[PDB]
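Visitor: Pasting an experimental structure with its sequence.
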Amino acid sequence: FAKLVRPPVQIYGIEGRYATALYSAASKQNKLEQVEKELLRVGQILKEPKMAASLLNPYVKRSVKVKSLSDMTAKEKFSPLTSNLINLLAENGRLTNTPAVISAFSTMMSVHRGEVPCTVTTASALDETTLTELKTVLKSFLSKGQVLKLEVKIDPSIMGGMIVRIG
Amino acid sequence: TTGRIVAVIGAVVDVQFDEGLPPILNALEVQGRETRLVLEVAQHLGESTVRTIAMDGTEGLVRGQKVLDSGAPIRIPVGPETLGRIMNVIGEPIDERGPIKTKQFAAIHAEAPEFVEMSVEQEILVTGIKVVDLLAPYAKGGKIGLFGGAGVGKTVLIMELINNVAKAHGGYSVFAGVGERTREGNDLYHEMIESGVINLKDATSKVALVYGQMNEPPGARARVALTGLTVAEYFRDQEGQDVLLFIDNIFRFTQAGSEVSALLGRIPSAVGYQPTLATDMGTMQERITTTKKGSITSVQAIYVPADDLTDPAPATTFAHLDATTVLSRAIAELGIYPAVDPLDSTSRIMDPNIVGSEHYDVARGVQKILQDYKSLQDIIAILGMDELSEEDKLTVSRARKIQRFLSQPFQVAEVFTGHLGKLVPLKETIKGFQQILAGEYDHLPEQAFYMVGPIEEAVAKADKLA
Amino acid sequence: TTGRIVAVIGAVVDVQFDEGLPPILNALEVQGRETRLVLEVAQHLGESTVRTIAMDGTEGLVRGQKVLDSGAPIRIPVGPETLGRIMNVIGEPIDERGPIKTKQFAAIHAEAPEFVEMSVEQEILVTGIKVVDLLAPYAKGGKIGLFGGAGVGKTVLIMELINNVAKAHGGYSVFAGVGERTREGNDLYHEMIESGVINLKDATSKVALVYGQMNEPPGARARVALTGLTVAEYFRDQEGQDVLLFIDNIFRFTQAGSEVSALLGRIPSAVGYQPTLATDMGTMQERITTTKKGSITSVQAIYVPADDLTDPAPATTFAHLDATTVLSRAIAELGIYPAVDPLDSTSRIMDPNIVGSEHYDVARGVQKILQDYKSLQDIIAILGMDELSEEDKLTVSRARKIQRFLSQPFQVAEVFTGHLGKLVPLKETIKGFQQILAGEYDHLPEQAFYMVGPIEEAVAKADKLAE
Amino acid sequence: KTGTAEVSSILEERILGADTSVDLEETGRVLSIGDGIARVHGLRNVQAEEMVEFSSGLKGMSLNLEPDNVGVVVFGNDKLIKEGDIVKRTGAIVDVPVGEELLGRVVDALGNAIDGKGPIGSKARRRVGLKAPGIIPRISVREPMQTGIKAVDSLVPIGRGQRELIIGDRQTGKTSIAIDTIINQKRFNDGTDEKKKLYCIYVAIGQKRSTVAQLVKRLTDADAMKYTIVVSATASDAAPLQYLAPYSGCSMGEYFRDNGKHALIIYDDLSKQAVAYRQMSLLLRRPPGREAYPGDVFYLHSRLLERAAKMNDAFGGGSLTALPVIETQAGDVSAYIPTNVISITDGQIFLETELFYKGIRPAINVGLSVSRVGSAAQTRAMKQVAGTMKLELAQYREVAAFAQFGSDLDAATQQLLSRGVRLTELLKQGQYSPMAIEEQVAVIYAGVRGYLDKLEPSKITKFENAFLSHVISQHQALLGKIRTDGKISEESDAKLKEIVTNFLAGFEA
């Protein structure tokens, strides 16, 4: 079939098994970004019921639900393979599930190269970091905000509890 | 509505139905079938996909075939025009004589007689097999379950019953050969032809055959029963006719069902046995009665699963029985044709009121002795030829006489048994044993009682040597 | 092609190959596991992921790790240099004397040799041991399963056979210590070493040892089976040899298969089994044969779980055999070694023809008497005696003498027995029992017959046992 | 399904809907593969149970028509294939080569040589997917049919077309016995009554090549192979093959049956077949059932066996006599399918090893062995002597009854026991001992008429061989006659007697 292509984040697949399709698909043809933005759009373009809530209503025939929810509307400019994957998640009911694919996705060309370490408070904040260099400190300085006792606490950040924890 | 073959995984067919799922039990007719390919809609999976069941032949089926719903269950011919005719489940001949020319059609289901619809009549009918009358009374509408050794006794017996009855009782019979062995039906056929009670020149057979054979899908095998029921309901209700409904094998039904539950994805009850086993039955037995118009007395072959009864399936069955004939293989082995397990060729029914009070009593004497006799037998396995503490021997022997006397040679088994027919008219029977209780058979030795009709003939036979 | 280990759920190693999957069965070398971690492709799981199997274990693996296809299934050293060596699957020196330097390499796979390319009907390999040959004569090049609870002197017994027989045998032998106690293998090794048949001076011996011990991770145990096969096949056909193939224990093998079956994401089976047991076996056992090119008489030790034979696996097993040695736990339990249930250890291969009728008959009478004799045994057991028939008594006793006469102690293992009591060349065997059939012996003892050899001597012993 | 193609690669193009567009319909790409189960993506349009054809050449079959893919049991390797492999439809389910040139031939279950006699010719090919005949299409069994084994032919008097279970244990010579029967059919094939020519189909079900090899060799020795198919599913087999083999067999024998011919299929054994199938279902996660067996394997078989028949001549002219074998393991028919099967045939043949251990081949538990049929499956001949014998063994057994209680209780019976023992001797029947009836009855007659009660039991047998040679030589006339009479005639008796007496006299004295 194809061969594996996965933008930085990348993901685990699974409700992103699609994501990963487009982590190879979008990626390939490199409308990576076209769709990258599409998705974003879609998100709220999505979010309101209609011909969408349609699905919920079991009794609405998926067959034509696709031809309504996506016929006139989700092809409003969401199409390339994008309507087709719409129409796939559509079939495959992964529509209510779609946000998460975006989530998953969206850490993708930017956030694709995110920022991770699990770090007190509003922790990391997916950005970008280059592991050879420190990037850490910098960030911290920037702010003298967050909440750190309520938000992540002196127990992590510096063991308030630990002294308790030995006994 | 229309369906699409979307997946066939064995006879579990998912049809995605392209339109409105109507009620279940709708027979769907597969289009693209040069057969009468009925699917019974089984589950509305939703988004018009049904799980349906194939009952008809396969291997070739397009994933994409076209199904057109008959929108109802099957309608199949019902009415008297079935007599003679060997119809399959689909009401279609398999008499191979062409048409089964009822022009009334039916959904193979039928309803369950209300409380009022009990025209259930509490009393013995008879057809002369000694043992029966004696132990297990007959019922009008009743389900009698016949257990045992097919084609060596159980079936054999059935055939004799069939043989005496259809003729003798007017009010017909239906035979539903559920997973019937074509071969046995072949044989049977030839017997039937022979017997001519399958009237064909005048399809005025005293029997209708409905077959849902071995070489057919479980679905197919399962349903012939309902069908048969529908038909018989015609004869009872419509034709008054007091059907004997011969079922061989409800067990084969059971099997068909059981596999099916699984295949239906579904959970089956104990031991794998379909959980609805009972309901299938239950409802079905409830689709029986003696109506006002007629009686459907059911005569039921039950492949006594593993010859076990404890066995939940027969365990269930029992609730629905009105008589049970449980053969005793020991008895069959003991020759005895009839091959009874008399203690379990039983009917909850029988009472000195219900039967002769004498009858009852005589029977009670018998039941008694036999119960006891066993006890002694136990000593004998470890302690005799034909000698112990003789009074006690006497009872044993008598029990043997009784035993022997229960053996009733059977004409249909001049071939099988090697022995010709005997039918013992009832008094001659009661008298026979009653006399044994009266014990004059001392003067008359025992053994000759083995396989005779009325008790005398054994006497004749003994004497000629003594 | 490369994969990275994506899921490790035990030694079921899921490798997602990031590109081309070689067909199933490719032996992969894991890029990292210097703990030479062969993964054998087991499934193409789909989407370039394979289920592969570690033969090995796993601790320390980073979920991530790169795996490089070894590009074939297992290549193993083959040829004679494997004789007198302990090879594992990969033919590594568990001799621990460095490599098993061969020319030849092998896919440890080998398949069933053509039916026509087999020999069609074989000819008896006599089994020496009186009871044994007599009731179960074997075929030269035969597959014999020895059902028996392991380790009851079970194992001892096989060794003893080896002693008698494998010794007596020339050709070559292949020995597979699978799943068995390394400890026993250790001793055995030294014993062979000692024997010098495990030549300490031949890389060869006359016997190659292949081991797939219990303590191993399964794949290793599992696969050593193919390996061993490959070698023996190597010798059989190639070296044209009459190979003897000793397996201890196929049971552990089978078990290994079964164990994985689940993990393999397949269903296990009844009792947990490998449901593929049959195909595995059928194909395997058919890999086994005595063709024309050589003959492998394969003596396959069978631990029989809880000695349940009934137990489907053994139920299957039977197909594969053509000689079964069914050991009676009870007899063994009587200490009586021979311990066999010989009315269960079978060969149709006993013959009035092949084995001549004398033997044969003598046996038929025996089999018979005994067969009747058991039947009562129980009855009478509680049901005591006499208000009976004493001709029966005669048989009972006789049966008992015979019974005892089957017994021969573990000659060699004076450590276990302290006792010797020899092997009985076949005519003497036939004679022996036949003489008992002549029942002359019968005023004589019973343990005279116990744990001995030649009936003459037994008789001698009888007299002697009569003080 | 819910993951695959929801995930990339597969999915990754479906999106576009560009990926052959899709096709894989008369093609498939192996969706996933492992282990002879090619989930094959595509093939979409498919027939049911289509045999499909591989990129590894090979076949597999699309049984499971899933909406996405095809559960394809691949009847073999996985070391060929690696995923995505192209599967090309054949548009076609299996039918199997059938013909008459398979008589004289050992083929694999493919109906392809393995015989190494080079190839067979394939005349016909014929559906395995072919149903059982009808009522009238059958005329029930009329024939007798001799295995050449008195006990067999007597106590299960077999005709042809007959489905009947052979059941008995592990290489217990049962199969030897089965062979001997087969050997017997030779004489008929060397005879010329076609109706007595029984074409043998030995379906070797999962039975290892070595095991076949001697056996076949034996068949060779009997040369009888010439009218014999050996349909061969040996142990090595891919499961669908082993599995397949009976249905295959089924097409061919029905053919014969329908080609007037009386065919005999020996299925040895379906116990194994079933394993293979079950295994197959289960692997498809088409789950197990009772005894791990999923249950319409019975339907499979019931139907399979429904395909065995004796045709009404107007309707076939022949027979396919089915002698299925289930080889019991510990006589076990608790064994689900046996329980079932017990419910299926028109008797079943019980073997008792003990007799065997006693030496007595045959093993039989006659008491349990049955042809309900019996007589439809017989002739006048046997009955005249045999009836009594059966009965008399009943008596013998009866005093074995009273061996569940005792050893002596009557003088008569001391005799009867003697008689019984005599009857036993006859029932010892060598393996490799195919007979004609006249012999069978012959040998029965003296003793059952008492005149062998007058001799050492061991010597009965001796007599018999000798006796046989005596008449063979001498009363060859008669042998012609009994054979003529197809029965025991008064004449034949009397003469028999006379002979018998003389022979008897010579043997006894």
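Guide: Nice, I can see it. Numbers count the residues shown, from 1 in each chain, chains lettered A, B, ... in the order given.

Visitor: Just give me the neighbour total for residue 54.
Guide: In the absence of a named chain, chain A is used. The tally of other residues near residue A:54 (other Cβ atoms under 10 Å in any protein chain shown) stands at 18. Heads up, the C-betas are built off the backbone N, CA and C, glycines and all.

Visitor: Sorry, I should have been clearer: chain D.
Guide: Using other Cβ under 10 Å, residue D:54 has 23 other residues around it.

Visitor: Let's verify the nearest residue in space to it that is not next to it in sequence: helix, strand, or coil?
Guide: Using Cβ to Cβ, 6 or more residues apart in numbering or on different chains and skipping residues adjacent in sequence, the residue nearest residue D:54 is residue D:87, 5.7 Å away. State at residue D:87, reduced to three classes by DSSP: H, G, I helix; E, B strand; the rest coil: strand.

Visitor: Can you show me the helices along the chain?
Guide: Picking chain A for this. Taking DSSP state H as the test, the helices found in chain A are A:19-25, A:32-46, A:53-56, A:62-65, A:86-91, A:98-106, A:136-142, A:154-158, A:162-166.

Visitor: other chain: chain B
Guide: Going by DSSP H, chain B shows helices at B:130-135, B:154-168, B:182-195, B:218-233, B:250-263, B:277-285, B:312-317, B:329-333, B:357-381, B:390-406, B:426-438, B:456-463.

Visitor: now do the stretch 301-450 of chain D
Guide: Per DSSP state H, counting those that start in this stretch, the stretch 301-450 of chain D carries helices over the ranges D:336-342, D:353-358, D:380-401, D:411-427, D:437-448.

Visitor: What is the shortest one packed up against?
Guide: Contact here means 3 or more Cβ pairs under 8 Å, 6 or more residues apart in numbering or on different chains; DSSP states H and E; on that basis helix D:353-358 packs against helix C:356-377.

Visitor: what's the answer for the longest one, then?
Guide: Other helices and strands packing on helix D:380-401, by 3+ Cβ pairs under 8 Å, 6+ apart, are helix D:150-155, helix D:411-427, helix D:437-448.

Visitor: residues making contact with that helix?
Guide: Residues outside helix D:380-401 that contact it (Cβ atoms under 8 Å, 6 or more residues apart in numbering or on different chains): B:418, D:144, D:153-155, D:157, D:366-367, D:375, D:409-410, D:413, D:416-417, D:419-421, D:423-424, D:437, D:440-441, D:444-445, D:448-449, D:485-488.

Visitor: and stretch D:231-247, is it in reach of chain B?
Guide: No: Stretch D:231-247 lies out of reach of chain B by Cβ under 8 Å from any Cβ of the partner chain, never closer than 11.2 Å.

Visitor: give me the number of residues near residue A:161?
Guide: Using other Cβ under 10 Å, the number of residues around residue A:161 comes to 11.

Visitor: what separates it from residue A:153, distance-wise?
Guide: In this view, residue A:161 and residue A:153 are 9 Å apart by Cβ to Cβ, to the nearest Å.

Visitor: what do you get for residue D:39?
Guide: From residue D:39 over to residue A:153 (counting by Cβ to Cβ), the distance is 50 Å.

Visitor: Those two: which has the busier surroundings?
Guide: residue D:39 (22 against 16).

Visitor: Could you pull up the residues touching the more buried one?
Guide: C:46, D:30, D:31, D:32, D:33, D:69, D:70, D:71, D:72.

Visitor: So the fifth one belongs to a strand, correct?
Guide: Yep, that's residue D:33 we're talking about. Yes: using three-state DSSP, the assignment for residue D:33 is a strand.

Visitor: for the residue nearest the centre of chain B, what are its contacts?
Guide: Residue closest to the mean C-alpha point of chain B, counted by Cα atoms, centre = their mean, is residue B:300 at 1.8 Å. Counting by Cβ under 8 Å, 6+ apart, residue B:300 touches B:143, B:144, B:145, B:146, B:245, B:246, B:247, B:250.

Visitor: Show me which residues of stretch A:82-91 are buried.
Guide: Residues of stretch A:82-91 classed as buried: A:82, A:83, A:84, A:85, A:86, A:87, A:88, A:89, A:90 (neighbour count, 16 or more other Cβ atoms under 10 Å in any protein chain shown).

Visitor: Repeat that for stretch D:16-26.
Guide: Residues of stretch D:16-26 classed as buried under the neighbour-count rule (16+ other Cβ under 10 Å) are D:19, D:24, D:25, D:26.

Visitor: That one near chain A at all?
Guide: Yes: interface with chain A: stretch D:16-26 contributes D:16, D:17, D:19 (Cβ under 8 Å from any Cβ).

Visitor: I'd like these as a markdown table, with distance to chain B and secondary structure appended.
Guide: Below are the residues of stretch D:16-26 next to chain A laid out as a markdown table (distance: Cβ to the nearest Cβ, whole Å; DSSP: H, G, I helix; E, B strand; the rest coil):
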| residue | distance to chain B | secondary structure |
| --- | --- | --- |
| D:16 | 23 | coil |
| D:17 | 18 | coil |
| D:19 | 19 | coil |
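
Visitor: Can you tell me how far the residue nearest to residue B:382 when sequence neighbours are not counted is from chain C?
Guide: Excluding its sequence neighbours, the residue lying closest to residue B:382 (Cβ to Cβ, 6+ apart) is residue D:405, at 6.1 Å. Residue D:405 is 12 Å from chain C, where distance means Cβ to the nearest Cβ, to the nearest Å.

Visitor: Residue D:405 contacts residue B:379, correct?
Guide: No: counting by Cβ atoms under 8 Å, residue D:405 sits too far from residue B:379 to count as a contact (9.4 Å).

Visitor: looking at the helices and strands packed on helix D:380-401, which is closest to chain B?
Guide: Nearest to chain B, of all these, is helix D:411-427, at 8.6 Å by Cβ to the nearest Cβ.

Visitor: That closest one vs helix D:380-401, what angle?
Guide: Helix D:411-427 runs at 120 degrees relative to helix D:380-401, counting by axes from the mean of the first three to the mean of the last three Cα atoms, to 10 degrees.

Visitor: CA atoms only for helix D:411-427 - export them in CSV, please.
Guide: The C-alpha atoms that make up helix D:411-427 are tabulated as CSV, following Å, rounded to 0.1, in the frame of the first residue of the first chain:
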residue,chain,number,x,y,z
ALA,D,411,-25.1,-78.6,32.2
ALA,D,412,-26.7,-77.4,29.1
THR,D,413,-24.7,-74.4,29.4
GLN,D,414,-21.6,-76.2,30.1
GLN,D,415,-22.3,-77.3,26.7
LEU,D,416,-23.5,-73.9,25.6
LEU,D,417,-20.3,-72.4,26.8
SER,D,418,-18.5,-75.0,24.9
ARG,D,419,-20.6,-74.1,21.9
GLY,D,420,-20.0,-70.4,22.6
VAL,D,421,-16.3,-70.9,22.7
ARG,D,422,-16.6,-72.6,19.4
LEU,D,423,-18.4,-69.7,18.0
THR,D,424,-15.6,-67.5,19.3
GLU,D,425,-13.0,-69.4,17.4
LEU,D,426,-14.6,-68.6,14.2
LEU,D,427,-14.8,-65.0,15.0
